[PDB]
Amino acid sequence: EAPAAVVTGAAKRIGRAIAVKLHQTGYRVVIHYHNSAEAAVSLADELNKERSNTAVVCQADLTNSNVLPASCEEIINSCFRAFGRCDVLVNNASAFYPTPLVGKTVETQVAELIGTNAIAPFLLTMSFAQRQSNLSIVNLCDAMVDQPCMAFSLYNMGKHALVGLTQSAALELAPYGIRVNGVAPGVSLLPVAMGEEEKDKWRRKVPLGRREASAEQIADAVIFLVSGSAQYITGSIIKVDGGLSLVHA
Amino acid sequence: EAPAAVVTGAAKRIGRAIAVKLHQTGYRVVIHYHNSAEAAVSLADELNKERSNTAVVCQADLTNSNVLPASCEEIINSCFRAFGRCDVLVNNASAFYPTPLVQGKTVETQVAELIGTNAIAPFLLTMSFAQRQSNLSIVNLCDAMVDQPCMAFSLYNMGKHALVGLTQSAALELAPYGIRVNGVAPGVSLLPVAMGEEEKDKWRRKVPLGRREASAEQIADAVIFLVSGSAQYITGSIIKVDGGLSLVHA
Amino acid sequence: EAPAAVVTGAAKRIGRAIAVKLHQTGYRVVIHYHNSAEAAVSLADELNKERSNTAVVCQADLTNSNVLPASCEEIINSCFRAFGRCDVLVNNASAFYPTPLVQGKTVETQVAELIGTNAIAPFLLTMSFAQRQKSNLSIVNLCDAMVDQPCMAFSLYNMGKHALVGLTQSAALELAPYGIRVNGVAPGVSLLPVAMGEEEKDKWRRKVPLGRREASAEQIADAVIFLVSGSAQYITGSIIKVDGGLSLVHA
Amino acid sequence: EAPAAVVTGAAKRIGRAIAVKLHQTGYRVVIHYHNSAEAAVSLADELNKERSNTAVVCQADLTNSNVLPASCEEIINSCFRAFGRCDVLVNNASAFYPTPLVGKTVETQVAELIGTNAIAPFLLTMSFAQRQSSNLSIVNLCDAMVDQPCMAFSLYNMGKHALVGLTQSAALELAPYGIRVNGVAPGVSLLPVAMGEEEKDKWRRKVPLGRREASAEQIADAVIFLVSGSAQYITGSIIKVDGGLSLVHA
Ligand SMILES: NC(=O)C1=CN([C@@H]2O[C@H](COP(=O)(O)OP(=O)(O)OC[C@H]3O[C@@H](n4cnc5c(N)ncnc54)[C@H](OP(=O)(O)O)[C@@H]3O)[C@@H](O)[C@H]2O)C=CC1
Ligand SMILES: NC(=O)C1=CN([C@@H]2O[C@H](COP(=O)(O)OP(=O)(O)OC[C@H]3O[C@@H](n4cnc5c(N)ncnc54)[C@H](OP(=O)(O)O)[C@@H]3O)[C@@H](O)[C@H]2O)C=CC1
Ligand SMILES: NC(=O)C1=CN([C@@H]2O[C@H](COP(=O)(O)OP(=O)(O)OC[C@H]3O[C@@H](n4cnc5c(N)ncnc54)[C@H](OP(=O)(O)O)[C@@H]3O)[C@@H](O)[C@H]2O)C=CC1
Ligand SMILES: NC(=O)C1=CN([C@@H]2O[C@H](COP(=O)(O)OP(=O)(O)OC[C@H]3O[C@@H](n4cnc5c(N)ncnc54)[C@H](OP(=O)(O)O)[C@@H]3O)[C@@H](O)[C@H]2O)C=CC1
Ligand SMILES: Nc1nc2ccc(C(=O)NCCc3ccc(Cl)cc3)cc2s1
Ligand SMILES: Nc1nc2ccc(C(=O)NCCc3ccc(Cl)cc3)cc2s1
Ligand SMILES: Nc1nc2ccc(C(=O)NCCc3ccc(Cl)cc3)cc2s1
Ligand SMILES: [Cl-]
C-alpha cells in the first residue's frame, strides 16, 4: 500500500506545495485546513484526479483551548480511517501577526499564536505516536527565531517552543523509530497584498539571489527529511533561507 | 529611595535565595507565591525585621487561563502599591514534571501549568512591567539543558525554549525604553524534594566543576550581576550557571 | 556534459562513500588522497571501469604550511585539467587525535595537522574553487555534530571543526552573490576508528537514540548528495546534523 | 598576598580597561604588549603609583610561529616570577582585518588571524594550567556577531569560532583542576581608529540599547564578574555584551 501523510494548513501556500510534493512522491494525503474549505477541496479533487482515492480533507481550528486535544486526535484519526495508516505528520499550520508588549484580546493572541505554533504540534505528535516503515514528523520552524521581527514576541515564543518540541520528541520517539525534524524558512511566500516595493525590501536582504524562497523550495527540504535518504537524521532543523539568517543589521 | 523588585515563586529554594540577595543589595521586594503561604510570610518577616517596610507577599496562580493576565497585572500592581515603583522583575516560578508523549492531570492542565508558568506568565508579567514604566531590568530563569532535554519532559522543555524566545524578543523591543532583559540558565541546582540519594549523587557526578549541584546562592549571584550597574550594556544575554554540565556528551 | 566534483580524503571511509555516490549520480570525480595511494587508485579504477575517463586521483598533504595554498590551488586545477570544470567541492579530509591541555608529535605539528586539515585547507580550497570559476555550484564541509559537547582532551580538533562552521557561514555569505552555495553535514558517530576495539565501539553505539548504531558511510553521503542537488537550490549556510539524535542526549 | 592576573594586549583599548579594573579589584597584573611598550609602561606606572609593585609589563609577539609556544610559556612565567602565582588569564589580544575569498601573504594572515586569535589562547591555556582554596579562571574575548559575520572576514570569523571551541573544550578539561574557562563577547565597542566617523555612526544607530557602542569599561565589567567569587559555578559560559546588536535582523 502507499504511505499516508497529514499536512496541517495544507490548503494554500507552503502547506499546499508540501501536500502536492508528497502526493507526487506517492503519498496519500490528508489536507487539513481551518477556513480555506474551497481551496482545500479543489486541491483534493486535483490530486484525486491524478490518482483516485489518494486525498481527503479535514477541518479543524488549531487555537489553544480545552477541546484542542480532541481536535488533534481527530486529525490523526482521519488519516487512519481514510488510509489505514499514518506514516508522516507535517506540522505546517501557523498564525503570524505582531503582539506589541507596550483587535483581539491578549488571551486570544496567546491561544492563537501559542496554540497553532506549539501546542497543536505537540498534541498532534502525541496522537501520531500513540496510534503507531519510515515514520517521521516534520515541523515548520523559522530561520529568524534568534533575530526576531520587532513586536512579535508571542509568535517568536511559539516558534522557539516548536524547536524544543522537535528536539524533545526526536529524543523520546527515536526508540519507536519515529524521526522528528524541522524545516526553517527565512523569507518565503510574501503576503499577496503586501506592496511590491515592500516585498523588494525583504527580497534585497537575501544573499542567495535576492529573492524569497518559493513554496516548492521549502517543500523540497520536507521531501528529503521524510525520505529514505534521511533515515539517520532526527532532531535536525534544516534552514532554507538563502543565507538570510547570516546577515547582520 | 530604594528600588523595588518582584520575584516570582520566591517562598522557597532559588526564588528565595534571589529575593534574599536582592534585599541584601538594597532592594525592596515583592515575594510572589502560589501555595507556600507559611514560607512566604516567614521570609517577609525576616526581611522586614532587617529593614522595616521593605518586603511584602503576593499570592497568585501562574497557570495559563483567561484570567492569567489580570493575575500578572496584579503582581506588578502590588509592587507599585507597596513601594511606589518597580525596577526589577525576576521570572523564577516554574512547574516541572514529566509529560510523556506515549502514555492524575489532564493534558490540558499539563499544558496550562507547564506553558503557563514557564512562558506565558513571564510574557504577561513583562507586558505589565513595561506598561507601568533608573536601571530597569528583567531576569528570566531559563535552563542550561534545554538542547539536551530530560526524556519525557517535552512540555517543560517547550516552555523553557519559549522563555528564551521571550528573553530575546523583549530585549529587542524594550531596549528603546531602557529596560534590559536577560536570562540565567541553571544546570543542576537544588535537586527536587522527592528524590533518592543514590539518584542525587548520580546527577552530582555528571557535573565537571566540582561534581556537585549549584547552591541557590550561586544562581542568585548571576541574577544580582544582571540587574546591577555592571551589566548596563548587557541585554538579550543568557548566562549559563551549570558547572560545565551542558558541555558533557552522552 | 557531466559536472565534476573534488572530494578530499576520498580513498576510504566516508570520503569514498561520497565520491562513489556523486559518481553514481553522474559526476566526474577527483579522488584526493594523502597516504592512501593504493586505495585511491583502486577506487578510480573501479569508477573508470564503470564509465571511462570519469575519475582521477590527486595526492596532497593538507597539513598547514607556507605551501598549503599552492597544494590546494593544485587540487582544484586537477579538476579543471581532467574535466574542464569544477562544480562541487567536498571538504572531507580530516586529522583526528587527542591534544591534552595538561600534558610523539610536537605541538607545532599538532596545530598544523588538526587546524590545517580541518579548517585552513577548507578555506584555501574554497578560495581556489571560487577564484577558478570562469549550473549548480556548491561546497559541502564535513563538520561534527558533537562540537558543543566535545570529547575530553580534543581541544585542537574541536577548535578546527568550530572554525569550519565559521568558514561555512562566512563563505556562504560571501559567495552567495556568485551563486556558490556552501553548506555542512555534521555526523555524530559514523564509521568508528579502525584501531578501536569492538567493546569500545558498542559503548558508543549504545548512546545513539535512533537505532543504537553508528551512521553508515552511505547515510552521511546521502545528505551530501541532497545539498549539492537541485532540491537544495535555496539552501546556503546550513549544517545538517546526521547523528541519530546523539547530540540531544545529556550526560 | 593578593591574586595575580595576566591580560594579553593590555596596552590599549579593551585590554587596558580590563587590566585597570582587575587592579582596582585588588589584582596584581601583567600587562602584555607586542608593539605598544610606551603605553604598557605608562599604564604600569599609573598602577604602581596606586599600589607599590603591583604591575609589570611583558613583551611578546603572539603571531603563530615555531616560537609562539615559547612566547606563551614566557607570558605565564613572568606572572609566576613577578607575583609568585597566576590566578587569572585574560585572552584579550586579537588581530582584525578582512581576508576576501575572491600586502600580507595568506599564511601571514593565517598566522595573525588564526595565530593570535585562537592558537595563542590555546597555548597560554596550556601553560597556565600546566603551572598549577584558589579561584582560578580564564576569560576569552570572543565576538557576539560570530554567527552574522562581516562580509569578507572569513579568517577572522574562523579564528573567533575556534576560540568558542577552545572555551568549551578547556572548560570541560580543566574543570577537574578547579580552573574555570569563560568568554565575553562584545558587539560594537571602541570602533577601529582608521574607520570613518560617519561609518561609526552607521553602526552606533543599529544598537537597540542606546544607539551607541560599548565602552571598554563595560566589557571589563563582565570580565570582572567572571573572575569573581560571584561566578564560582560558571564555566564554559560566554556572556554577550553587545547592547542587543546580535538580535537585530537584516
Ligand atoms: N512564508 C514565510 O516566509 C515563512 C514561513 N514560515 C513557516 O512556514 C509555515 C508555512 O508558511 P505559510 O504558508 O507562509 O503560512 P500561512 O501564514 O500562509 O499559514 C498557513 C495556514 O495556517 C493555517 N492556520 C492559521 N491559523 C490557524 C488556526 N488557528 N487553526 C488552524 N489553522 C490555522 C491557515 O489555514 P486556513 O487558510 O485553512 O485557515 C493557513 O492557510 C508556517 O509554519 C510558518 O510559520 C517561517 C518563516 C517564514
Ligand atoms: N533546581 C534546578 O536544578 C534548576 C532549576 N531551573 C530553573 O530555575 C528556577 C528556580 O528553580 P527551583 O527553585 O528549583 O524551582 P521550584 O521547582 O522549587 O519552583 C519554584 C516555585 O515556582 C512556583 N510555582 C509552581 N507552579 C506554580 C503555579 N502554577 N503558579 C505559581 N507559582 C508556581 C512554586 O511556588 P509555591 O511554592 O508558592 O507554590 C515553587 O516554589 C525555575 O524557573 C527553574 O525552571 C533550571 C534548571 C535547573
Ligand atoms: N567518522 C566519524 O564517526 C565522524 C566523522 N566526522 C567527519 O566526517 C569526515 C569523514 O570522516 P572519516 O571518513 O571517518 O575520516 P578519516 O578520519 O577516515 O579521515 C579521512 C581522510 O582524511 C585524510 N587526511 C588526514 N590527514 C590528512 C592530511 N594531513 N593531509 C591530507 N589528507 C589527510 C586521509 O587521507 P589518506 O587516507 O589518503 O591519508 C583520510 O583517509 C571528517 O571530516 C570527520 O571529521 C565527524 C564526526 C564523526
Ligand atoms: N573592538 C570591538 O568593538 C570588538 C572587540 N572584540 C574583541 O575584543 C578584544 C579586544 O578588542 P580591541 O581592544 O578592539 O582589540 P585591538 O584590535 O585594538 O587589539 C588589542 C591588542 O591586541 C594586540 N595584538 C594584535 N595583534 C597582535 C599580535 N600579532 N601579537 C601580539 N599582540 C597583538 C595589540 O597589542 P600591541 O598594541 O601591544 O601591539 C593590541 O593593542 C579582541 O579579542 C577582539 O576581537 C570583538 C568584537 C568587537
Ligand atoms: N505563518 C507565517 N509565519 C511567518 C513567519 C515569517 C514570515 C515572514 O518572514 N514574512 C515576510 C517578512 C515580514 C516580516 C515582518 C512583517 Cl511585519 C512582514 C513581513 C511570514 C510568515 S507567515
Ligand atoms: N522548577 C524546576 N525546574 C527544573 C529544571 C531542571 C531541574 C533539574 O535538572 N533537576 C535535576 C535533574 C532531575 C530531573 C528530573 C527529576 Cl524528576 C529529578 C531531577 C529541576 C528543576 S525544578
Ligand atoms: N576524522 C575523523 N573525525 C572524527 C570525528 C569524530 C569521530 C567520532 O566521534 N568517533 C567516535 C567517538 C570516538 C571517541 C574517541 C575516539 Cl579515540 C575515537 C572515536 C571520529 C572521527 S574520525
Ligand atoms: Cl604564504
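Per chain, numbering begins at 1; letters A, B, ... match sequence-line order. Atom set for the values below is all heavy atoms of this structure, side chains included, hydrogens, waters and symmetry mates excluded.
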B/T117 side chain to B/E113 main-chain N or O, any donor-acceptor pair under 3.5 Å?
-> yes
Donor-acceptor pair, side chain of D/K240 and main chain of B/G236, under 3.5 angstrom = yes
Side chain of A/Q167, backbone of A/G164: donor and acceptor closer than 3.5 Å?
-> no
State the CG-CD1 distance between B/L89 and B/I75, to the nearest 0.5 angstrom.
-> 9.0 Å
Would you mind reporting whether B/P122 and B/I138 have side-chain heavy atoms less than 4.5 Å apart?
-> no
Mind checking whether B/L163 and B/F123 have side chains closer than 4.5 Å, heavy atoms only?
-> no
Contact summary for D/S246 and D/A144, nearest pair of heavy atoms | CB-O, 3.7 Å
With salt bridge (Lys or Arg N to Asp or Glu O under 4.0 Å) as the test, would you mind laying out the steps for B/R81 and B/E74 before giving the verdict?
-> CA-CA 10 Å; B/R81 159 196 334 124; B/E74 183 37 34; 3.1 Å; yes
side-chain contact (heavy atoms from CB on, under 4.5 Å) between B/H34 and B/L62, intermediate numbers included = CA-CA 8 Å; B/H34 175 214; B/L62 291 185; over 6 Å; no
Taking atom types as modelled and ignoring hydrogens, do the side chains of D/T167 and D/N140 form a donor-acceptor contact shorter than 3.5 angstrom?
-> yes
Rounded to the nearest 0.5 angstrom, the CD1-NE2 distance for D/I18 and D/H23 is 15.5 Å
Within the distance-only criterion (no hydrogens, no angle test), does the side chain of B/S94 pair as donor or acceptor with the backbone N or O of B/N118 below 3.5 angstrom?
-> no
Considering non-hydrogen atoms only, spot the tightest contact between B/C72 and B/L125 and give its length.
-> O-CD2, 3.5 Å
Does some side-chain heavy atom of B/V248 sit less than 4.5 Å from a side-chain heavy atom of C/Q149?
-> no
Please walk me through it: do D/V227 and D/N135 pass side-chain contact (heavy atoms from CB on, under 4.5 Å)?
-> CA-CA 8 Å; D/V227 306; D/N135 184 15; 6.0 Å; no
Minimal non-hydrogen separation, B/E73 against B/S128, with atom names = CA-OG, 3.4 Å
Heavy-atom closest pair, residues A/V110 and B/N64 = CG1-OD1, 4.3 Å
Do B/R180 and B/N135 have side chains that get closer than 4.5 Å, going by heavy atoms?
-> yes
Going from OG on B/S78 to CD1 on B/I76, what distance comes out if it is rounded to the nearest 0.5 angstrom?
-> 7.5 Å
Rounded distance (nearest 0.5 Å) linking atom CZ of B/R204 with atom CZ of B/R211 = 14.0 Å
Got a donor-acceptor contact below 3.5 angstrom from the D/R28 side chain to the D/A4 backbone?
-> no
State whether the side chain of D/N92 and the backbone N or O of D/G9 hold a donor-acceptor pair below 3.5 Å, judged by distance alone.
-> yes
Residues D/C142 and D/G183: closest non-hydrogen pair is SG-CA, 4.3 Å
Examine B/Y97 together with B/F153 and report whether their ring centres are nearer than 6.0 Å.
-> no
Nearest heavy-atom neighbours spanning D/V29 and D/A19 | CG1-O, 4.0 Å
For B/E50 and B/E46, indicate whether the former's side chain and the latter's backbone hold a donor-acceptor pair under 3.5 Å.
-> no
Donor-acceptor under 3.5 Å (D/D87 side chain, D/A5 main chain) | no
Cut-off 3.5 Å, side chains only: do B/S52 and B/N48 have a donor facing an acceptor?
-> no
Nearest-0.5 Å distance, CD1 of residue B/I234 to CG of residue D/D221 = 8.0 Å
Are any of the side-chain heavy atoms of B/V6 and B/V90 separated by less than 4.5 Å?
-> no
B/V41 vs B/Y33, side-chain contact (heavy atoms from CB on, under 4.5 Å): CA-CA, chis, key distance, verdict | CA-CA 10 Å; B/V41 148; B/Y33 72 91; 5.6 Å; no
Pick out which of D/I238, D/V139, D/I14, D/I224 makes a side-chain contact (heavy atoms from CB on, under 4.5 Å) with D/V184.
-> D/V139
In terms of heavy-atom contacts, does CZ of B/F80 have more than 12 from other residues, nucleotides or ligands at under 6.0 Å?
-> yes
So B/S169 and A/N156, side chain to side chain donor-acceptor pair (under 3.5 Å) or not? Walk me through it.
-> CA-CA 7 Å; B/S169 280; A/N156 191 239; 3.1 Å; yes
Can you find a side-chain donor-acceptor pair between B/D143 and B/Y156 that sits under 3.5 Å?
-> yes
Does a side-chain heavy-atom distance below 4.5 Å link B/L47 with B/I31?
-> yes
D/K206 to D/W203, cation-pi by 6.0 Å centre distance and 45° axis angle | yes
Test B/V7 against B/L22 for side-chain contact (heavy atoms from CB on, under 4.5 Å), laying out the working first.
-> CA-CA 9 Å; B/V7 184; B/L22 286 161; 3.6 Å; yes
Given side chains that start at C-beta, do those of B/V223 and B/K21 come closer than 4.5 Å, heavy atoms only?
-> no
Is there a side-chain contact between B/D61 and B/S71 (heavy atoms, below 4.5 Å)?
-> no
Polar side-chain atom of B/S228 near backbone of B/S230 as donor-acceptor pair, under 3.5 Å = yes
Give a yes or no on whether the backbone of B/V207 and the side-chain of B/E213 come within a donor-acceptor separation of less than 3.5 Å.
-> no
Separation between CG (B/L166) and CD1 (B/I120), nearest 0.5 Å, reads 9.0 Å
